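In the structure tokens that follow, the same protein chain appears in two forms, which are kept apart as structure 1 and structure 2.
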Structure 1
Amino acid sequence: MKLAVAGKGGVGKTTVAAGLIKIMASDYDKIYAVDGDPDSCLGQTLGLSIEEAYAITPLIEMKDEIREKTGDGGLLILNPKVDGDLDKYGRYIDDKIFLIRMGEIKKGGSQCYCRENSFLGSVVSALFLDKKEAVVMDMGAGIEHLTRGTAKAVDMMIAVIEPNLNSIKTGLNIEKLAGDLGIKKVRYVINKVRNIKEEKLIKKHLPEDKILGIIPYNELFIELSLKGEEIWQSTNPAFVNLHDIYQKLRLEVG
């Protein structure tokens, strides 16, 4: 399956993504985990040290490959065929999970970054449309890496939000952008829930059938989110709850 996980906050949302990826390794022989959020470290939540994650060259820094896929001076290519060279664009964390880091885009400094952006786009296209393997791509609230073309291949867009007015609004906007792009299913995972009043707030603004699951706030999560990996470990209190969320996802996608 092809999954997209989006939201603000950063680590919180990335924590859910890493959790699903790890659980997914039991059902798939290979998973492409794509870090498309420069503000959080997907590799870290997947068990690597922040250092090991950053030692993986990001897509944006593969100049030799970018030259080879878009042309060398003058020679322009708007549709780079990179689906065959994917394994050179990241590192296997283990026998099943292959991590790719997009890297951050240069917002806009009067310089030309067309070749770079074309290269990133071609990799995202390859992963979602050409590769058969499972893909989980972690991204920001703007989901700017998805296009109408790749959106048709997405099995589900998961918006991760916190139980408050502003975060709920963010999620509804994610849902708006995804629908506009043509994504078939959008579902929510509510994170950092502290009290029941907050759960009632969620139920008031969001359809319950659209809620994949609820993850309670963890005190051992604010003072321990960089040692014993994450919520996918069998010792973590969210372990079982996370598998329920995964089962609902699997059933939803078919």
Structure 2
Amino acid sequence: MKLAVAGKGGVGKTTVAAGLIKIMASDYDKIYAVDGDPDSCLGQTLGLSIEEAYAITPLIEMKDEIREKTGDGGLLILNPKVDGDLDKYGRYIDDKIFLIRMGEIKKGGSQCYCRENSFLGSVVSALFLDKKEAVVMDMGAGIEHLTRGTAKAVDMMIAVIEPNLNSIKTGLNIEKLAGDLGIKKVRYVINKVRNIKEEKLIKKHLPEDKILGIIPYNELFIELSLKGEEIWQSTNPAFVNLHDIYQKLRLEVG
């Protein structure tokens, strides 16, 4: 299973990705958790501490590796082979979850970032096209880390939105961008739902077959994230809705 989880900052899309990764850990022998959004920490929401997460160097900061992979002596290899080296680009959180952090994609007028972006790109391609392992990579609504090439392997793109008109169109633009890239399955996860009136608003704007499931708003996520305590423990009620969502997902992916 190769999953992409995207959403606007603040919708709780990093939280959703962590929950699915947490759930998948039992069903697969190994899983690559890919933090493709620098604005939130996938690792910490997965249980790691600030220190543990920070020690996991981002792809964008692996200067020697980037220089080595992109060549030198006049050489400029923007499509380096890196599949056999992925496990040297992150850490195992436990015996099943391997975390890789993409890092900030810079843009920025006056310089060349081709080699850097080329390295991040080969790793993403290696994760989706070469590796057998399951992969769950989160990203912002722009889903910039994906390309037509990798989009071939993405089993499903999960757009995470909130129950309001604005978030719904943000959700629709993700489905557009994903489609354009060639991703066949784009499904929705409504998060932070507080009432039925919101559920109805979602059902009128979204085909029901495109909806993976709903996750209610629970103050737990906040009072639980504020401290070193995994939020997807049996304690969390909304943890059921996640399981429901996970199963519906595995049914479509086959």
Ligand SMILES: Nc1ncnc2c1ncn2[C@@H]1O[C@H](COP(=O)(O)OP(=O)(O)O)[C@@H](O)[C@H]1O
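FYI, numbering is relative to structure 1, first residue = 1. Definition used throughout: the rigid core is the maximal C-alpha set that superposes within 1.5 Å between two forms.
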query: Between structure 1 and structure 2, the form solved without adenosine-5'-diphosphate (ADP); finding: 1
query: Position that moves between the two structures after core superposition, taken from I211, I56, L226, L201, with Cα shift of 2 Å or more; finding: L226
query: Core-aligned C-alpha movement of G84 between the two structures, 2 Å or more; finding: no
query: C-alpha of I23 off by 2 Å or more between the two structures on rigid core; finding: no
query: Cα displacement of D72 between the two structures reaching 2 Å, rigid core superposed; finding: yes
query: Cα shift between the two structures at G108, which is computed once both forms share a superposed rigid core (Å); finding: 1.2
query: Cα displacement of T45 between the two structures, once the rigid core is superposed (Å); finding: 1.0
query: For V11, CA displacement between the two structures after the core is overlaid, in Å; finding: 6.5
